[PDB]
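Trainee: For the sequence shown, the residue numbers in the working numbering are 50 to 180.
Dropping the structure in here first, questions after.
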Amino acid sequence: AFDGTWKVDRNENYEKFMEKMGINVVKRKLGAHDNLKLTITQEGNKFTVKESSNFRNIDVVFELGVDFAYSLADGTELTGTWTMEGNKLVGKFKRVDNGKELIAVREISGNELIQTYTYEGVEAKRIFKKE
Ligand SMILES: CCCCCCCCCCCCCCCC(=O)O
Numbered sequence: 050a051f052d053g054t055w056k057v058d059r060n061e062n063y064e065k066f067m068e069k070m071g072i073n074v075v076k077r078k079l080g081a082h083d084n085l086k087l088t089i090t091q092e093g094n095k096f097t098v099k100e101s102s103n104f105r106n107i108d109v110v111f112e113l114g115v116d117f118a119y120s121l122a123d124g125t126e127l128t129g130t131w132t133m134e135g136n137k138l139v140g141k142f143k144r145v146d147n148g149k150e151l152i153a154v155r156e157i158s159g160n161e162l163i164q165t166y167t168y169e170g171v172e173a174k175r176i177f178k179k180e
């Protein structure tokens, strides 16, 4: 259902994924301890993504399958979409300076939303305990 708050607690491979994006020390560290409180809010076709992380309290929002352009803090351009496979939400995010591709598997269990993250061959699970 998604509809609700999320607050990452434990991760799983997320440290190495930042080494992939080209993040060194403080950046991947700040990305981890961020406290990404996601306040998911589905209206109908759009999915707001409140993100009270260390970077900024920015609602994201991304109509399912609507290719958009989202600048990151240290990741830069990331254009791509999210689509409900039926059982998982997949955050496909390419880049403008090259057009490769990054993906993101939102594996909701029940009480936890895990968002993996691959920019090729380095996953990064960001376990959320909802709330
Ligand atoms: C330099 C590190 C910053 C990147 C990682 C922490 C902040 C997240 C960046 C934007 C992600 C939000 C847009 C997609 C929604 C999501 O991540 O679930």
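Using N, Cα and C, we set each Cβ at its ideal position, and we do this for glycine too.
In the DSSP assignment, find the beta strand (DSSP E) that holds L87 and state where it starts and stops.
Mentor: Along the sequence shown, read from residue 1 onward, the residue named residue 87 stands at position 38. Run containing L87: 86–91, per the beta strand (DSSP E) assignment.
Trainee: Is the stretch 155–165 touching the stretch 131–142, taking contact as three or more C-beta pairs under 8 Å?
Mentor: Output reads yes: the stretch 131–142 touches the stretch 155–165.
Trainee: For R77, is the classification buried or exposed, using 16 other Cβ atoms within 10 angstroms of its Cβ as the cut-off for buried?
Mentor: Translated into positions along the sequence shown, residue 77 becomes position 28. That one is buried.
Trainee: Hey, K86 and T125 are a contact pair by Cβ (cut 8 Å); roughly how many whole angstroms apart?
Mentor: Along the sequence shown, read from residue 1 onward, the residue named residue 86 stands at position 37. Along the sequence shown, read from residue 1 onward, the residue named residue 125 stands at position 76. Between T125 and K86 the Cβ distance is about 23 Å, and since that is not below 8 Å, they are no contact.
Trainee: Ligand 1 and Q164: does the residue's C-beta get closer than 8 Å to at least one heavy atom of that ligand?
Mentor: Taking the first residue of the sequence shown as position 1, residue 164 is located at position 115. Checking every heavy atom of ligand 1 against the Cβ of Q164, one is found closer than 8 Å.
Trainee: In this structure, does DSSP put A118 in helix, strand or coil?
Mentor: For the purposes of this step, residue 118 is identified with residue 69 of the sequence shown, where counting begins at 1. Strand, per DSSP.
Trainee: Quick one, what's near ligand 1 if you take every residue whose CB is closer than 6 Å to any heavy atom, in chain order?
Mentor: Those residues are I72, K76, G80, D83, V98, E100, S102, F104, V109, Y119, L121, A122, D123, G124, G140, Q164, given in chain order.
Trainee: Using DSSP bridges, identify the partner residues of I152.
Mentor: The count along the sequence shown starts at 1 and reaches residue 152 at position 103. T167.
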